[PDB]
file query.pdb (PDB, C-alpha atoms (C1' of nucleotides))
ATOM      1  CA  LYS A 156      93.504 127.032  86.977
ATOM      2  CA  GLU A 157      93.158 123.331  87.877
ATOM      3  CA  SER A 158      90.242 124.172  90.181
ATOM      4  CA  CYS A 159      88.289 125.329  87.131
ATOM      5  CA  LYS A 160      89.406 122.234  85.203
ATOM      6  CA  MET A 161      86.718 119.993  83.710
ATOM      7  CA  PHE A 162      86.882 116.351  82.639
ATOM      8  CA  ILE A 163      85.593 115.506  79.183
ATOM      9  CA  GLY A 164      84.789 111.948  78.139
ATOM     10  CA  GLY A 165      83.186 110.116  75.275
ATOM     11  CA  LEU A 166      84.936 112.251  72.671
ATOM     12  CA  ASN A 167      85.208 111.064  69.076
ATOM     13  CA  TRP A 168      88.814 110.107  68.286
ATOM     14  CA  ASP A 169      88.597 112.382  65.237
ATOM     15  CA  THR A 170      87.618 115.175  67.640
ATOM     16  CA  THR A 171      90.235 117.873  68.064
ATOM     17  CA  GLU A 172      90.925 120.265  70.952
ATOM     18  CA  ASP A 173      90.177 123.169  68.612
ATOM     19  CA  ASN A 174      86.675 121.806  68.141
ATOM     20  CA  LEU A 175      86.588 121.242  71.896
ATOM     21  CA  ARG A 176      87.291 124.834  72.795
ATOM     22  CA  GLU A 177      85.048 125.978  69.984
ATOM     23  CA  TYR A 178      82.331 123.620  71.237
ATOM     24  CA  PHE A 179      82.664 124.892  74.778
ATOM     25  CA  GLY A 180      83.480 128.372  73.480
ATOM     26  CA  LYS A 181      79.789 129.272  73.759
ATOM     27  CA  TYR A 182      80.117 128.987  77.514
ATOM     28  CA  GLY A 183      83.026 131.408  77.542
ATOM     29  CA  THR A 184      86.790 131.165  77.214
ATOM     30  CA  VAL A 185      88.899 128.115  77.994
ATOM     31  CA  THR A 186      92.151 128.725  79.868
ATOM     32  CA  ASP A 187      93.550 125.217  79.417
ATOM     33  CA  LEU A 188      92.143 122.332  77.405
ATOM     34  CA  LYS A 189      93.522 118.777  77.238
ATOM     35  CA  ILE A 190      91.796 116.537  74.671
ATOM     36  CA  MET A 191      94.612 114.120  75.515
ATOM     37  CA  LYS A 192      95.833 113.387  71.980
ATOM     38  CA  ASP A 193      98.028 110.319  71.428
ATOM     39  CA  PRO A 194     100.573 111.046  68.642
ATOM     40  CA  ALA A 195     102.541 108.004  69.830
ATOM     41  CA  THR A 196      99.952 105.228  69.609
ATOM     42  CA  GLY A 197      98.224 107.241  66.921
ATOM     43  CA  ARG A 198      94.897 107.227  68.753
ATOM     44  CA  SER A 199      93.698 109.884  71.187
ATOM     45  CA  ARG A 200      92.433 108.960  74.645
ATOM     46  CA  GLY A 201      88.963 110.062  73.561
ATOM     47  CA  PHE A 202      88.607 112.222  76.651
ATOM     48  CA  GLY A 203      90.161 115.470  77.747
ATOM     49  CA  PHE A 204      90.440 118.052  80.477
ATOM     50  CA  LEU A 205      88.758 121.379  79.788
ATOM     51  CA  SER A 206      89.540 124.469  81.869
ATOM     52  CA  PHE A 207      87.848 127.876  81.846
ATOM     53  CA  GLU A 208      89.148 131.262  82.955
ATOM     54  CA  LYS A 209      85.761 131.853  84.583
ATOM     55  CA  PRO A 210      84.337 129.117  86.894
ATOM     56  CA  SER A 211      80.844 130.214  85.822
ATOM     57  CA  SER A 212      81.263 128.315  82.545
ATOM     58  CA  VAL A 213      81.728 125.124  84.551
ATOM     59  CA  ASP A 214      78.311 125.506  86.186
ATOM     60  CA  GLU A 215      76.648 125.742  82.770
ATOM     61  CA  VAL A 216      78.844 122.995  81.309
ATOM     62  CA  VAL A 217      77.295 120.345  83.562
ATOM     63  CA  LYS A 218      73.729 121.505  82.838
ATOM     64  CA  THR A 219      74.001 120.415  79.186
ATOM     65  CA  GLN A 220      74.394 116.777  78.123
ATOM     66  CA  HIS A 221      76.752 117.802  75.293
ATOM     67  CA  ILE A 222      76.757 116.300  71.808
ATOM     68  CA  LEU A 223      80.038 116.761  69.915
ATOM     69  CA  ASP A 224      80.682 115.540  66.350
ATOM     70  CA  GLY A 225      77.809 113.051  66.484
ATOM     71  CA  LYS A 226      78.959 111.774  69.869
ATOM     72  CA  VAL A 227      77.778 112.289  73.433
ATOM     73  CA  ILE A 228      79.977 113.364  76.326
ATOM     74  CA  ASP A 229      79.553 113.877  80.065
ATOM     75  CA  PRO A 230      81.721 116.824  81.186
ATOM     76  CA  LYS A 231      82.414 116.579  84.929
ATOM     77  CA  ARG A 232      84.469 118.467  87.506
ATOM     78  CA  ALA A 233      88.143 117.465  87.565
ATOM     79  CA  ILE A 234      89.260 115.283  90.481
ATOM     80  CA  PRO A 235      92.616 115.914  92.248
ATOM     81  CA  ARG A 236      95.082 113.060  91.742
ATOM     82  CA  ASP A 237      95.379 112.474  95.497
ATOM     83  CA  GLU A 238      91.604 112.233  95.830
ATOM     84  CA  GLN A 239      91.442 110.446  92.493
ATOM     85  CA  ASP A 240      93.757 107.719  93.776
ATOM     86  CA  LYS A 241      91.447 107.115  96.737
ATOM     87  CA  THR A 242      88.540 106.537  94.353
ATOM     88  CA  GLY A 243      88.056 103.458  92.199
ATOM     89  CA  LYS A 244      85.897 101.909  89.482
ATOM     90  CA  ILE A 245      84.040  98.588  89.660
ATOM     91  CA  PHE A 246      82.104  96.485  87.182
ATOM     92  CA  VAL A 247      78.463  95.538  87.657
ATOM     93  CA  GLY A 248      76.157  93.231  85.768
ATOM     94  CA  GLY A 249      72.541  92.168  85.930
ATOM     95  CA  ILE A 250      71.144  95.465  84.724
ATOM     96  CA  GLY A 251      68.026  95.550  82.568
ATOM     97  CA  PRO A 252      64.813  97.448  81.684
ATOM     98  CA  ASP A 253      63.363  99.773  84.334
ATOM     99  CA  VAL A 254      66.850  99.958  85.861
ATOM    100  CA  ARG A 255      67.017 103.696  85.179
ATOM    101  CA  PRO A 256      70.614 105.031  85.336
ATOM    102  CA  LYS A 257      69.507 107.353  88.134
ATOM    103  CA  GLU A 258      68.398 104.377  90.234
ATOM    104  CA  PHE A 259      71.679 102.637  89.450
ATOM    105  CA  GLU A 260      73.647 105.476  91.041
ATOM    106  CA  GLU A 261      71.398 105.542  94.118
ATOM    107  CA  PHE A 262      71.382 101.748  94.241
ATOM    108  CA  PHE A 263      75.157 101.457  94.593
ATOM    109  CA  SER A 264      75.211 104.516  96.869
ATOM    110  CA  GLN A 265      74.012 102.265  99.678
ATOM    111  CA  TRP A 266      77.566 100.883  99.946
ATOM    112  CA  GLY A 267      79.524 104.001  99.029
ATOM    113  CA  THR A 268      79.253 107.723  98.303
ATOM    114  CA  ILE A 269      79.778 107.037  94.592
ATOM    115  CA  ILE A 270      81.714 109.923  93.072
ATOM    116  CA  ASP A 271      80.262 108.879  89.714
ATOM    117  CA  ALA A 272      78.151 106.084  88.206
ATOM    118  CA  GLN A 273      77.004 105.409  84.650
ATOM    119  CA  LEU A 274      75.636 102.804  82.251
ATOM    120  CA  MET A 275      78.210 103.834  79.612
ATOM    121  CA  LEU A 276      75.752 103.736  76.691
ATOM    122  CA  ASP A 277      78.280 105.521  74.467
ATOM    123  CA  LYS A 278      76.211 104.656  71.394
ATOM    124  CA  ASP A 279      73.037 103.749  73.287
ATOM    125  CA  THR A 280      73.143 100.480  71.350
ATOM    126  CA  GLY A 281      73.378  98.105  74.300
ATOM    127  CA  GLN A 282      75.794  99.343  76.960
ATOM    128  CA  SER A 283      72.797 101.016  78.606
ATOM    129  CA  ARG A 284      71.494  97.544  79.403
ATOM    130  CA  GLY A 285      73.033  94.298  80.566
ATOM    131  CA  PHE A 286      75.801  95.759  82.718
ATOM    132  CA  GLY A 287      76.710  98.942  84.573
ATOM    133  CA  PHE A 288      79.710 101.014  85.655
ATOM    134  CA  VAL A 289      80.058 102.550  89.141
ATOM    135  CA  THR A 290      82.799 104.712  90.651
ATOM    136  CA  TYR A 291      83.463 105.046  94.385
ATOM    137  CA  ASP A 292      85.095 107.862  96.309
ATOM    138  CA  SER A 293      86.742 105.250  98.515
ATOM    139  CA  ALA A 294      88.245 101.899  97.589
ATOM    140  CA  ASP A 295      86.895 100.503 100.859
ATOM    141  CA  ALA A 296      83.373 100.864  99.470
ATOM    142  CA  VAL A 297      84.352  98.558  96.617
ATOM    143  CA  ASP A 298      85.339  95.904  99.145
ATOM    144  CA  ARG A 299      81.847  96.023 100.664
ATOM    145  CA  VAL A 300      80.361  94.824  97.398
ATOM    146  CA  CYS A 301      83.188  92.338  96.898
ATOM    147  CA  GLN A 302      81.879  90.559  99.977
ATOM    148  CA  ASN A 303      78.423  91.105  98.498
ATOM    149  CA  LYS A 304      78.944  89.463  95.108
ATOM    150  CA  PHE A 305      75.201  89.361  94.537
ATOM    151  CA  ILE A 306      73.003  92.291  95.467
ATOM    152  CA  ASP A 307      69.232  92.406  95.378
ATOM    153  CA  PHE A 308      68.585  95.233  92.953
ATOM    154  CA  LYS A 309      65.783  94.484  90.510
ATOM    155  CA  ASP A 310      64.775  91.377  92.471
ATOM    156  CA  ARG A 311      67.020  89.211  90.301
ATOM    157  CA  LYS A 312      70.438  89.612  91.974
ATOM    158  CA  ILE A 313      73.333  91.257  90.212
ATOM    159  CA  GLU A 314      76.912  90.045  89.968
ATOM    160  CA  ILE A 315      79.628  92.586  90.681
ATOM    161  CA  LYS A 316      83.315  92.216  89.860
ATOM    162  CA  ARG A 317      86.236  94.628  90.242
ATOM    163  CA  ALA A 318      87.075  96.618  87.107
ATOM    164  CA  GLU A 319      89.157  94.704  84.567
ATOM    165  CA  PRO A 320      91.007  95.375  81.269
ATOM    166  CA  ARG A 321      88.929  95.428  78.079
ATOM    167  CA  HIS A 322      91.160  92.642  76.735
TER     168      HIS A 322
ATOM    169  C1'   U B   1      78.487  90.742  81.235
ATOM    170  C1'   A B   2      83.043  96.153  79.129
ATOM    171  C1'   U B   3      85.094 101.911  79.263
ATOM    172  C1'   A B   4      86.500 105.951  72.629
ATOM    173  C1'   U B   5      86.725 109.020  81.387
ATOM    174  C1'   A B   6      89.710 109.958  84.690
ATOM    175  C1'   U B   7      95.349 112.373  81.461
ATOM    176  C1'   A B   8     101.882 107.293  81.804
TER     177        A B   8
END

call {"tool": "encode", "arguments": {"input": "query.pdb", "output": "structure tokens"}}
result
Amino acid sequence: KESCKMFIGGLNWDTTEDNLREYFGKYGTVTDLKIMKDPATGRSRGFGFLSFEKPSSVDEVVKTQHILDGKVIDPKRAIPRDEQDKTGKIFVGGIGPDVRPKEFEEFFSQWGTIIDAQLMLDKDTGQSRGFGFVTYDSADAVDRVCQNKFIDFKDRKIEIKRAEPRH
RNA sequence: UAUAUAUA
């Protein structure tokens, strides 16, 4: 059920749920998949929720990076809406070479558990450097950094601002 | 310094 639900992101708009299930079919059988198509706007969300009848598939799903239709995705465990609401996403800048995405997650962890943190790098053409994306289990953690606009990370201070629309 | 992730 929902407990076995997985979150899929970084999916090619052309990507279809059928390919999704087929892609993750190797792992087993999917009980409920949600690529999150957008027949209205005409463009899919680009991410979906994948569920498996057997939770075992989920364990293996995270082990692999996952490359679908020439794109890269990061399948992660689904987060309950109530818990999801508590969490938030902030924007960070001042990220460069030697930053290491792993260090980025541990770096921000100092002021928050950090449910998830990434450099985006959808195409690995630049998002990986320059700025970063961090998610916090609690909104309160975000406030800590708000007070701390500049943090000593790579010994060059970074500027952090609450998440904003792509505009 | 920007999300084809958190589904209106």

call {"tool": "residues_around", "arguments": {"input": "query.pdb", "residues": "stretch 2-8 of chain B", "least_positions_apart": "3", "cutoff": "7 Å", "atoms": "only C-alpha atoms (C1' of nucleotides)", "output": "VMD selection string"}}
result
chain A and resid 163 to 168 191 200 to 202 321

call {"tool": "closest_residue", "arguments": {"input": "query.pdb", "among": "A:196, A:171, A:273, A:158", "to": "residue A:209", "atoms": "all atoms listed in the file"}}
result
A:158

call {"tool": "closest_residue", "arguments": {"input": "query.pdb", "among": "A:211, A:282, A:206, A:264", "to": "chain B", "atoms": "only C-alpha atoms (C1' of nucleotides)"}}
result
A:282

call {"tool": "resolve_selection", "arguments": {"input": "query.pdb", "expression": "the PyMOL selection byres ((chain A and resi 266-271) around 10)", "output": "VMD selection string"}}
result
chain A and resid 231 234 239 242 to 244 260 to 265 272 to 273 288 to 300 303

call {"tool": "closest_residue", "arguments": {"input": "query.pdb", "among": "A:281, A:256, A:249, A:183", "to": "chain B", "atoms": "all atoms listed in the file"}}
result
A:249

call {"tool": "closest_residue", "arguments": {"input": "query.pdb", "among": "A:212, A:199, A:220, A:302", "to": "residue A:186", "atoms": "only C-alpha atoms"}}
result
A:212

call {"tool": "closest_residue", "arguments": {"input": "query.pdb", "among": "A:175, A:185, A:301, A:245", "to": "residue A:274", "atoms": "all atoms listed in the file"}}
result
A:245

call {"tool": "residues_near_point", "arguments": {"input": "query.pdb", "point": "(77.4, 92.4, 90.0)", "cutoff": "10 Å", "atoms": "all atoms listed in the file", "output": "number ranges by chain"}}
result
A: 245-250, 286-288, 300-301, 303-308, 312-317; B: 1

call {"tool": "resolve_selection", "arguments": {"input": "query.pdb", "expression": "the PyMOL selection byres ((chain A and resi 223) around 9)", "output": "list in words"}}
result
residues 166, 167, 170, 174, 175, 178, 221, 222, 224, 225, 226, 227 and 228 of chain A

call {"tool": "atom_distance", "arguments": {"input": "query.pdb", "atom1": "atom CA of residue A:197", "atom2": "atom CA of residue A:173"}}
result
17.9 Å

call {"tool": "atom_distance", "arguments": {"input": "query.pdb", "atom1": "atom CA of residue A:157", "atom2": "atom CA of residue A:236"}}
result
11.1 Å
